[PDB]
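These numbers come from the heavy atoms of this one structure, side chains and all, not from hydrogens, waters or symmetry mates. Proteins come first, then strands; the chains are lettered A, B, ... in the order of their sequence lines, and each starts at number 1.
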Amino acid sequence: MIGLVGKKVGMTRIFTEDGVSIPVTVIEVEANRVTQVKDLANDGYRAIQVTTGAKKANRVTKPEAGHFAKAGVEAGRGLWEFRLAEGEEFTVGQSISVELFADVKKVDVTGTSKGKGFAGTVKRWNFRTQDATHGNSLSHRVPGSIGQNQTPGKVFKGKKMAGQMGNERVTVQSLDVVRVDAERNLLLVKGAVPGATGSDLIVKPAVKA
Amino acid sequence: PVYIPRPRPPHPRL
Amino acid sequence: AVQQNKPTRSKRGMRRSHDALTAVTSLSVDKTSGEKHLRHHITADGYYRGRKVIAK
Amino acid sequence: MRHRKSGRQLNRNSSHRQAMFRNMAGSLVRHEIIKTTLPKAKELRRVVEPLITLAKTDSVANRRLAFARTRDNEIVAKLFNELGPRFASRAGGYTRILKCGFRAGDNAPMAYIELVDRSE
Amino acid sequence: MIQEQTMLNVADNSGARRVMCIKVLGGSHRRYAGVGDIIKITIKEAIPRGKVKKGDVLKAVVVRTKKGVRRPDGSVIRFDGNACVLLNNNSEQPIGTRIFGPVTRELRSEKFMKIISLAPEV
Amino acid sequence: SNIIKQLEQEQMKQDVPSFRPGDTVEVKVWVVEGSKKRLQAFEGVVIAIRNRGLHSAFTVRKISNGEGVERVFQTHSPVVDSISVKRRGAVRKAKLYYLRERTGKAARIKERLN
RNA sequence: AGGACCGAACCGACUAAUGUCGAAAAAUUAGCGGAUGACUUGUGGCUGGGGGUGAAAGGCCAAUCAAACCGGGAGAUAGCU
RNA sequence: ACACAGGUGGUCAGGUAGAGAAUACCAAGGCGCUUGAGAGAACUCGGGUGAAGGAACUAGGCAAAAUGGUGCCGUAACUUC
RNA sequence: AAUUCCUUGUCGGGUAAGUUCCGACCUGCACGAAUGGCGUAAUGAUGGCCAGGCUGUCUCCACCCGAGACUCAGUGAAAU
RNA sequence: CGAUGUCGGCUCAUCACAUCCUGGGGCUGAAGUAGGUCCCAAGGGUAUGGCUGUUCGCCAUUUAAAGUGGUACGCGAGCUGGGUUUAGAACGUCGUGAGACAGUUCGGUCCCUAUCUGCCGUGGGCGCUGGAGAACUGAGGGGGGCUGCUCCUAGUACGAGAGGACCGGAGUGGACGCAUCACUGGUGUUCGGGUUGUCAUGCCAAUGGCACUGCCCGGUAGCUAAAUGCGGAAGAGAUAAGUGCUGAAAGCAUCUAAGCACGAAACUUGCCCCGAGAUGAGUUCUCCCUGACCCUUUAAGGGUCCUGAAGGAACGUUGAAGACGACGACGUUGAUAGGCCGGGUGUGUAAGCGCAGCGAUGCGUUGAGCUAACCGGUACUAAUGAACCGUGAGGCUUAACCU
Ligand SMILES: [Mg+2]
Ligand SMILES: [Mg+2]
Ligand SMILES: [Mg+2]
Ligand SMILES: [Mg+2]
Ligand SMILES: [Mg+2]
Ligand SMILES: [Mg+2]
Ligand SMILES: [Mg+2]
Ligand SMILES: [Mg+2]
Ligand SMILES: [Mg+2]
Ligand SMILES: [Mg+2]
Ligand SMILES: [Mg+2]
Ligand SMILES: [Mg+2]
Ligand SMILES: [Mg+2]
Ligand SMILES: [Mg+2]
Ligand SMILES: [Mg+2]
Ligand SMILES: [Mg+2]
Ligand SMILES: [Mg+2]
Ligand SMILES: [Mg+2]
Ligand SMILES: [Mg+2]
Ligand SMILES: [Mg+2]
Ligand SMILES: [Mg+2]
Ligand SMILES: [Mg+2]
Ligand SMILES: [Mg+2]
Ligand SMILES: [Mg+2]
Ligand SMILES: [Mg+2]
Ligand SMILES: [Mg+2]
Ligand SMILES: [Mg+2]
Ligand SMILES: [Mg+2]
Ligand SMILES: [Mg+2]
Ligand SMILES: [Mg+2]
Ligand SMILES: [Mg+2]
Ligand SMILES: [Mg+2]
Ligand SMILES: [Mg+2]
Ligand SMILES: [Mg+2]
Ligand SMILES: [Mg+2]
Ligand SMILES: [Mg+2]
Ligand SMILES: [Mg+2]
Ligand SMILES: [Mg+2]
Ligand SMILES: [Mg+2]
Ligand SMILES: [Mg+2]
Ligand SMILES: [Mg+2]
Ligand SMILES: [Mg+2]
Ligand SMILES: [Mg+2]
Ligand SMILES: [Mg+2]
Ligand SMILES: [Mg+2]
Ligand SMILES: [Mg+2]
Ligand SMILES: [Mg+2]
Ligand SMILES: [Mg+2]
Ligand SMILES: [Mg+2]
Ligand SMILES: [Mg+2]
Ligand SMILES: [Mg+2]
Ligand SMILES: [Mg+2]
Ligand SMILES: [Mg+2]
Ligand SMILES: [Mg+2]
Ligand SMILES: [Mg+2]
Ligand SMILES: [Mg+2]
Ligand SMILES: [Mg+2]
Ligand SMILES: [Mg+2]
Ligand SMILES: [Mg+2]
Ligand SMILES: [Mg+2]
Ligand SMILES: [Mg+2]
Ligand SMILES: [Mg+2]
Ligand SMILES: [Mg+2]
Ligand SMILES: [Mg+2]
Ligand SMILES: [Mg+2]
Ligand SMILES: [Mg+2]
Ligand SMILES: [Mg+2]
Ligand SMILES: [Mg+2]
Ligand SMILES: [Mg+2]
Ligand SMILES: [Mg+2]
Ligand SMILES: [Mg+2]
Ligand SMILES: [Mg+2]
Ligand SMILES: [Mg+2]
Ligand SMILES: [Mg+2]
Ligand SMILES: [Mg+2]
Ligand SMILES: [Mg+2]
C-alpha cells in the first residue's frame with residue numbers, strides 16, 4: 001500500500017518481558033493530508049500527493065497556498081507522493097494516520113542520510129590505508145593507483161574516488177514495526193533509519209515479502 | 001645565470 | 001605538472017568568466033541620518049537603525 | 001566533521017584562545033565597548049555574558065571564580081560592583097554586536113561589541 | 001575477539017598453560033573468535049606430565065574473552081583474560097576433565113554440554 | 001525530546017535503589033535454562049555507573065573462581081530482578097577502573113559508614 | 001691512572017621523517033657517536049697541478065678534481081649532429 | 001646572490017629545583033620571528049589518545065611504543081682476571 | 001663458510017609451518033697458514049638469527065589537537 | 001638512445017573465459033555418498049601465515065573455492081626500494097696486472113605546485129518560447145547479486161553392510177555492503193578532578209600561567225567500530241546447454257522442417273539510487289502580470305512615461321548542510337543563533353567557615369561546587385523599514401469546437 005511521512009524523533013529502546021532489548025527508531029507520524037490525487041486520465045499514473053506538519057503563513061508562497069487551498073487542507077512542511085497500488089482509493093483532503101501501519105509487520109524507511117561532506121576514499125569506499133611507516137612518502141590515506149597504463153589510457157567511469165558522502169536518499173528495507181501508537185502519532189521501528197534527528201522519513205510497507 | 005645545477009640523475013635504465 | 005601547449009586568450013577569458021566582481025545590490029538609507037550604509041552595518045557617522053551607537 | 005559542535009577555533013590553539021578571550025573579556029568589561037573582528041565578538045559573547053551572570057550573585061566564591069576566569073582584580077571589581085547590579089534584571093544578553101565595515105590591513109569583518117547599558 | 005597470534009590461557013586441566021590461536025575456524029577470511037567459537041591452536045606452554053605436549057596443534061573452544069559477550073538486553077559480561085578449553089582435533093570433546101574459572105551461557109550447546117557441566121560457574 | 005522522555009518513563013523501573021561506585025552490590029538476574037526461569041546472584045563492587053535514565057547501566061566487578069569478571073547491567077532491564085547493596089564503599093572517584101590492576105589486599109575498598 | 005665510563009658545551013653524522021621550483025646548491029626535527037684525546041678550536045704560516053696533501057675514498061686542493069682555475073696556442077680538430 | 005631555519009672565535013653568566021653550563025619555570029635584559037582575516041572538507045605535515053589482539057606488519061620491529069633517577073639487596077656463562 | 005655452483009645438500013635444534021639462523025657432517029664446483037690459518041674476553045650508530053617486554057607496524061582503522069590545503073583582502077612566482 | 005623507469009610487494013583495479021566455487025545439464029567402468037569426463041554458464045565470490053628480495057615454489061592451517069590469463073606479463077608525475085642496474089669494501093675464481101664474474105657478500109639521494117584528456121564530486125550561465133513556486137513521469141544510467149553449517153524431511157530413498165541422499169522447508173553464521181548511535185566501547189587539548197616543578201596574583205588561603213593537554217584519572221555532545229539494525233531475494237519474461245510433445249520431409253524413425261512445451265547465479269525485469277541539457281529539454285497542480293504614447297523600412301522593431309506582480313536574489317541569525325558555491329531553517333506577526341532559566345550529564349563532597357588533631361590531614365556544612373557541544377523553555381542580544389532583480393497577458397501556421 002501507500003506510505004506515510006513522519007519525522008525522525010530520535011532513538012531509544014523497548015525492553016520486553018522476556019528480557020530482550022529492542023533498539024527502536026521513533027518516528028512521529030502526524031496525519032498526512034491528501035493534497036492531490038493523480039489518475040491515469042489526467043496524469044498518466046495513479047498516485048496521491050500528501051502533506052504533513054505545518055508551515056508558517058509567511059513562508060508559504062502564493063503558488064503553494066493556492067495548491068493547498070484547492071485541496072482544502074492546511075499547508076504542511078512540504079509535499080510527498082505515493083503511488084497507488086491498484087486496490088486503494090483516496091480523496092483530496094483525506095487524513096491518513098499512523099493507523100495505516102497497524103497490521104504492517106515490516107516497513108521500508110527512506111531518509112536523507114547524514115552528510116559527511118567531502119570524504120576521502122578510506123571513509124567513502126572502505127579503501128585500505130597504505131603503510132604508516134616503512135618508507136611511505138605522503139601516501140598514507142591516498143587512493144593509490146586509479147588506472148592501468150597506455151592500453152586503457154584513461155580512468156574508467158565509476159571509479160571510486162573521493163567526494164561528497166552522505167546527504168543522499170537512503171532506504172533501509174524490512175525493518176520490524178515494533179509499535180504503532182495512534183494517539184501519540186508514533187511508529188517504533190526496530191533498528192536505525194537514515195538521517196539525523198528531526199529529518200523527514202518516508203515509511204511504507206516492505207516491498208520485499 | 002652563472003650557476004647551472006647538475007640535472008638529477010636519470011632512472012638507471014641498466 | 002606542466003602544460004604541453006600554452007592555453008589561449010580564449011581559454012584564459014573563459015576561465016576568468018567567473019572572476020567578475022558582484023557589486024552590492026543596494027545600499028541602505030539610515031532611518032535618522034539618511035546616510036548610505038550596508039544592511040546591518042553602522043553608518044560612517046555611527047548610526048544604526050536610526051540611533052547613534054558609536055559616536056566616533 | 002563538526003556536527004553539533006560549538007566553539008570557534010579561530011586559527012589558534014586552546015591556550016592562546018583562552019588567553020585571548022580572557023584579555024578581551026577584561027577589555028570589554030573595562031571599556032564597555034570594543035572594536036574587534038565579528039567572529040571574535042560572537043565568540044566573546046560566550047565568555048563575557050557568563051561572567052556577568054556570575055557577578056549577579058556577589059559571594060567570595062563568586063569573586064574567586066571571576067578571578068580564576070579573568071585574572072584581573074579591577075575587572076572582578078567592576079563586575080560585582082557595577083555590572084552585576086546593572087544587569088541584575090536582564091535575563092541574559094548583556095552584550096550587543098554592531099557590524100562596522102571591514103579592516104583596512106586585511107579586510108577583516110569588523111564589529112563593535114558593547115554592553116547594553118552604555119547609553120550615557 | 002580472538003584472532004591469529006592471540007595467546008589464551010587454558011581453562012581445563014589438559015596440561016597446557018598458554019596456547020596461541022593459529023586459525024579462526026569456519027568461514028573464509030573470518031577475523032575473530034568470540035566465546036562459543038572453535039579455533040585452531042598450538043600449545044606454547046605446557047606442564048611436564050600433562051595430557052598434551054608443547055608444540056601440539058589441535059582445536060579449542062573459547063570460553064572467556066576480555067572483549068566479552070553481549071546479552072540480548074544489552075548487558076555485557078567481560079573477563080580479565082582470554083581462556084579456552086582444548087578439544088580433540090577430530091571430535092571436539094574436551095581433552096581435560098576439569099574446567100577452571102567461569103563460563104557463559106553462550107557455551108550452552110549440544111557439543112559443549114561437557115564443558116557447561118564441568119564448569120564451576122554459569 | 002518530550003516524546004522520547006515519555007516513552008522512556010513508562011519503561012523505567014521504580015524499585016531501583018540508591019548505590020554508588022565502590023558499594024558492594026548483589027544483583028539478582030533472571031537465568032533461563034530452557035523451561036525453568038531461575039534467579040542467579042552476582043555480587044561484586046560497583047566500579048562504574050552510567051546515569052542515562054532508561055539507558056542507565058552499572059558495571060559490577062566480581063572475582064569468580066580464579067578469573068575476575070565484570071558485568072555491565074542495564075539498570076531498567078527486566079532481566080535484572082533485584083539490586084541490593086550489601087556494603088557501602090568509601091571511594092572518591094566516579095569510576096573504579098584502577099581496581100582492574102589490583103588484587104586481594106590492594107583491591108579492597110574501605111567502608112563508608114556515612 | 002686510563003686513546004677508562006655516563007653525560008652537556010664542543011666536534012661529528014648512524015636511523016627515520018620532512019624538505020627536494022627547499023627556510024638551505026647538504027638543512028631541519030626527533031633520536032644517535034666521541035666527548036682528556038690518535039681530541040677540538042682561534043690566529044698566523046708552509047706544501048701547488050702530473051704537482052701538493054691524503055689513518056687511502058681516487059678523497060681533498062675556494063659549491064670545480066681519474067689531473068684545479070685563469071689567460072693564451074685557439075677559429076685545436078670534429079669522416080659526427 | 002636574500003632582512004636566507006645554515007656557519008661564525010672569545011668574555012660575563014642571577015633565583016627555585018637539580019649532580020649539573022642538562023632540564024623546567026623565572027630575574028636582569030630582550031623579544032612575539034614584516035602578510036593578515038575566516039572556515040573547520042579530502043589529503044599532507046607535526047602531535048595526543050585508543051576497545052580486543054600484540055610483529056599477525058615488513059626486506060627488516062623501519063617507525064613508534066617501551067626502559068629510564070638515587071640508595072640498598074642481588075647478579076650467570078665466559079674471561080685476556 | 002663474507003668462499004659451496006649443484007643447493008633450499010644432509011642430519012639435528014629452534015617454528016604449526018624456517019631458501020634465513022645455530023650445531024654437526026664433508027661430496028672444499030672453487031679454504032688454508034703473515035696478500036696469514038684457526039680461535040678469541042672486551043669492544044662495534046657493524047652483518048645475520050632468536051626471545052621477553054612494548055606497542056596503531058599490523059588486523060583496521062577511529063577520534064582529537066595544531067600547521068597547510070579551502071574562502072576573503074594584499075603581494076605575487078616557476079618549470080613548460 | 002635531444003631517455004618510453006626497469007623485479008617483487010603495497011594501493012587501486014579492469015577485462016577475457018580456455019570456469020576454481022556457486023548455478024544448469026549429457027555420459028559414466030553413475031546403487032547412495034563421493035567422484036571422473038564433457039557441454040552451458042563470467043552474476044557474485046575466489047585465504048591467512050612460516051621461508052625466501054623474490055615471481056615461482058615448499059610447508060602449516062583454513063575455505064564453497066583458494067581459477068587461468070590480458071591490461072607497458074596493469075598500476076613509481078600513486079607508495080616502497082629488499083632484488084636488479086654506478087661509485088666503497090671483501091671472499092672464491094680468473095688475470096702478470098689494471099681489473100673481471102647470469103659468482104657471492106656487507107653498504108649505497110626514488111624529483112615534479114596538474115595546462116589538456118580522463119575520472120570523482122560540486123557550482124555558475126544559458127536553454128527548454130510570458131514569468132514563477134512545487135510535485136512528478138520516466139528515456140536512460142549506476143549499485144546490488146557470494147556463500148557455509150545445523151536441523152526437519154530421514155536415517156528415509158539407495159545399499160549386503162559400511163555409509164547415506166535428491167527434491168522441498170527452517171534456523172543460525174562467515175565475508176561484503178548500506179545506515180545509525182539506542183546499547184557496548186574509542187575519542188572527547190571546549191567538562192570536572194588529582195598531582196609534580198616553578199613563576200605570578202602583596203602575603204596566608206585560594207587561584208592562574210608555563211612545563212607535550214606538564215603528567216595523569218574520568219568524561220558530555222558530536223564523530224565513530226569492535227557496537228546494532230537491515231540487505232543479497234522471491235517472482236516474472238526470454239533463453240543457454242539439455243530434455244521433450246506432436247510431426248513430416250524419408251509410409252518407419254525423428255525435439256524441427258510447420259507447430260507447441262520445459263529449461264541456469266548469465267540476459268530483460270523485479271530491489272535500491274541518480275535521472276527531462278531525455279536540445280526528443282516531457283507531465284500535473286498552483287500563483288502572478290490584462291497601462292498609455294512617439295517614431296521609423298508599420299518590424300517577433302525601437303524609445304519615453306507610468307507601472308513592478310508572483311517570485312527571486314541580496315543582506316542578517318544560522319544548520320546533524322557544507323572546501324567554496326550549493327542545500328535546509330529562520331528574520332520581530334520571530335525560538336534562527338547567542339545569552340538566560342530549569343533539567344540532564346559528567347566530575348566528584350568547591351570555597352568560606354567551624355570542629356578534631358602538634359601537624360600533615362580528617363570531619364561537618366555537602367553528593368557540595370562546577371559543568372562544552374545535550375534536552376525543555378525563554379525575545380534579553382542580534383536577525384531594520386527598505387532598497388534591488390523579475391513586468392505589464394505572452395509569435396506564426398494549421399487543425400478541431402462556440403460566434
Ligand atoms: Mg555534515
Ligand atoms: Mg622523500
Ligand atoms: Mg608520512
Ligand atoms: Mg576564477
Ligand atoms: Mg549549534
Ligand atoms: Mg600549555
Ligand atoms: Mg536511585
Ligand atoms: Mg673516554
Ligand atoms: Mg653536539
Ligand atoms: Mg668527516
Ligand atoms: Mg646518517
Ligand atoms: Mg664509549
Ligand atoms: Mg660520553
Ligand atoms: Mg689557520
Ligand atoms: Mg676504486
Ligand atoms: Mg670543492
Ligand atoms: Mg692530462
Ligand atoms: Mg684553459
Ligand atoms: Mg695552431
Ligand atoms: Mg671551435
Ligand atoms: Mg624577516
Ligand atoms: Mg640568519
Ligand atoms: Mg643546569
Ligand atoms: Mg638551557
Ligand atoms: Mg585539521
Ligand atoms: Mg602515543
Ligand atoms: Mg590498541
Ligand atoms: Mg580510557
Ligand atoms: Mg588495551
Ligand atoms: Mg604481550
Ligand atoms: Mg612476518
Ligand atoms: Mg605478510
Ligand atoms: Mg617494507
Ligand atoms: Mg627503532
Ligand atoms: Mg619515543
Ligand atoms: Mg670457494
Ligand atoms: Mg653450519
Ligand atoms: Mg686467500
Ligand atoms: Mg702468504
Ligand atoms: Mg668506534
Ligand atoms: Mg621470525
Ligand atoms: Mg594555497
Ligand atoms: Mg589571494
Ligand atoms: Mg632508448
Ligand atoms: Mg623529446
Ligand atoms: Mg565456456
Ligand atoms: Mg564468473
Ligand atoms: Mg555481462
Ligand atoms: Mg540477473
Ligand atoms: Mg623473512
Ligand atoms: Mg621451492
Ligand atoms: Mg614497460
Ligand atoms: Mg609492470
Ligand atoms: Mg604511472
Ligand atoms: Mg614497481
Ligand atoms: Mg615519488
Ligand atoms: Mg638496495
Ligand atoms: Mg667497486
Ligand atoms: Mg539494471
Ligand atoms: Mg551493474
Ligand atoms: Mg546519545
Ligand atoms: Mg567512555
Ligand atoms: Mg581524553
Ligand atoms: Mg561518545
Ligand atoms: Mg609574590
Ligand atoms: Mg599558597
Ligand atoms: Mg609566565
Ligand atoms: Mg618560559
Ligand atoms: Mg529468478
Ligand atoms: Mg537563544
Ligand atoms: Mg566536605
Ligand atoms: Mg567545603
Ligand atoms: Mg581550602
Ligand atoms: Mg553534582
Ligand atoms: Mg546547569
Ligand atoms: Mg526587545
Between N or O atoms, less than 3.5 Å apart, protein on one side and nucleotides 63-67 of chain G on the other: list the pairs.
none

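- For the OP1/OP2 pair of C330(J) and a distance below 4.0 Å, the side-chain nitrogens and oxygens of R59(A) include at least one atom meeting the criterion.
- Contact check, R169(A) against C273(J): a side-chain N or O comes under 4.0 Å of OP1 or OP2.
- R71(D) has no side-chain polar atom (N or O) that falls below the 4.0 Å cut-off from OP1 or OP2 of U207(J).
- Stacking between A226(J) and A227(J) is absent, since the six-membered rings do not have centres under 5.5 Å apart together with planes under 30°.
- Side-chain atoms of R8(B) and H11(B), non-hydrogen and from C-beta on, do get closer than 4.5 Å to each other.
- With distances taken from any side-chain atom of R4(D) to the nucleotides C119(J), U11(J), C375(J), the minimum falls on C375(J).
- Regarding contacts with the backbone of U349(J), a side-chain N or O of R92(F) is found under 4.0 angstrom from either OP1 or OP2.
- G81(J): glycosidic angle within 90° of 0, hence syn.
- In terms of position on RNA chain J, the residue among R112(F) and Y48(C) whose nearest nucleotide sits closer to the 5' end is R112(F).
- Here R39(C) reaches the OP1 or OP2 of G385(J): one of its side-chain N or O atoms lies under 4.0 Å away.
- With both atom-pair distances required to fall under 3.5 Å, no Watson-Crick or G-U wobble pair links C389(J) to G319(J).
- For the segment residues 7-17 of chain D, the set of residues with a heavy atom within less than 4.0 Å of an atom of RNA chain I comprises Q9(D), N11(D), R12(D), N13(D), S14(D), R17(D), in numerical order.
- Taking 4.0 Å as the cut-off between side-chain N and carboxylate O, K55(A) and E64(A) do not count as a salt-bridged pair.
- For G348(J), one of the phosphate oxygens OP1 or OP2 lies less than 4.0 angstrom from a side-chain nitrogen or oxygen of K93(F).
- If you check every strand for non-hydrogen atoms under 4.0 Å, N149(A) touches a base.
- Contact annotation: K99(D) reaches the phosphate of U317(J) (side-chain N/O to OP1 or OP2, under 4.0 Å).
- Residue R77(A) places none of its side-chain N or O atoms closer than 4.0 Å to OP1 or OP2 of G328(J).
- For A3(J), the base is syn relative to its sugar; the glycosidic angle is within 90° of 0.
- OP1 or OP2 of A382(J) sits under 4.0 Å from a side-chain N or O of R96(D).
- Classified by its glycosidic torsion, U52(J) falls in the syn category, the angle being within 90° of 0.
- Pairing check for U397(J) against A77(J): the Watson-Crick or wobble criterion is not satisfied at the 3.5 Å limit.
- Both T129(A) and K44(E) sit near RNA chain I, but only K44(E) has its closest nucleotide nearer the 5' end.
- For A135(J), neither phosphate oxygen OP1 nor OP2 lies less than 4.0 angstrom from any side-chain nitrogen or oxygen of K70(A).
- Close to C223(J), at under 4.0 Å from its OP1 or OP2, lies no side-chain N or O of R2(D).
- Remark: ring of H67(A) does not overlap the six-membered base ring of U286(J) in a stacked fashion, as centroids less than 5.5 Å apart with planes less than 30° apart are not both met.
- Between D56(E) and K53(E) there is no salt bridge, since no side-chain N of the basic residue sits under 4.0 Å from a carboxylate O of the acidic one.
- Checking the phosphate oxygens (OP1, OP2) of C116(J), no side-chain nitrogen or oxygen of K6(C) falls inside 4.0 Å.
- With a 3.5 Å ceiling on both atom-pair distances, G48(G) lacks any Watson-Crick or G-U wobble partner.
- Look at the P atom in both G275(J) and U286(J): the space between them is 26 Å, to the nearest Å.
- With a 5.0 Å cut-off on side-chain heavy atoms, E4(E) falls on the minor-groove face of the base pairs.
- Counting only heavy atoms from C-beta outward, the side chains of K190(A) and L175(A) never approach each other to under 4.5 Å.
- Proximity of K66(E) to the phosphate of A52(H): a side-chain N or O atom is located under 4.0 Å from OP1 or OP2.
- Here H11(B) packs flat against the base of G5(J); its ring centre is closer than 5.5 angstrom to the base's six-membered ring, tilted by less than 30 degrees.
- Nearest-nucleotide assignment on RNA chain I puts the 5′-proximal partner with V57(E), out of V57(E) and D106(D).
- Here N107(D) does not reach the OP1 or OP2 of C72(I): none of its side-chain N or O atoms lies under 4.0 Å away.
- Taking atom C1' in both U55(J) and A90(J), one finds a spacing of 30 Å when rounded to whole Å.
- Figure legend. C21(I) is base-paired to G13(I); pairs are counted as Watson-Crick or G-U wobble with both atom distances under 3.5 Å.
- Taking every side-chain heavy atom of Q148(A) into account, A13(J) is the closest of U224(J), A13(J), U332(J).
- Ranked by how close their nearest RNA chain J nucleotide is to the 5' end, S145(A) and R64(D) are led by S145(A).
- Between the side chain of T25(A) and the base of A182(J), no donor-acceptor pair under 3.5 Å is found.
- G325(J) has its base syn relative to the sugar, with a glycosidic angle deviating from 0 by at most 90°.
- In this structure, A18(J) shows a glycosidic angle within 90 degrees of zero, which is the syn conformation.
- Salt-bridge check for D200(A) with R77(A): passed, with a basic side-chain N closer than 4.0 Å to an acidic carboxylate O.
- Residues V172(A) and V193(A) have side chains not in contact (no heavy-atom distance under 4.5 Å, counting atoms from C-beta outward).
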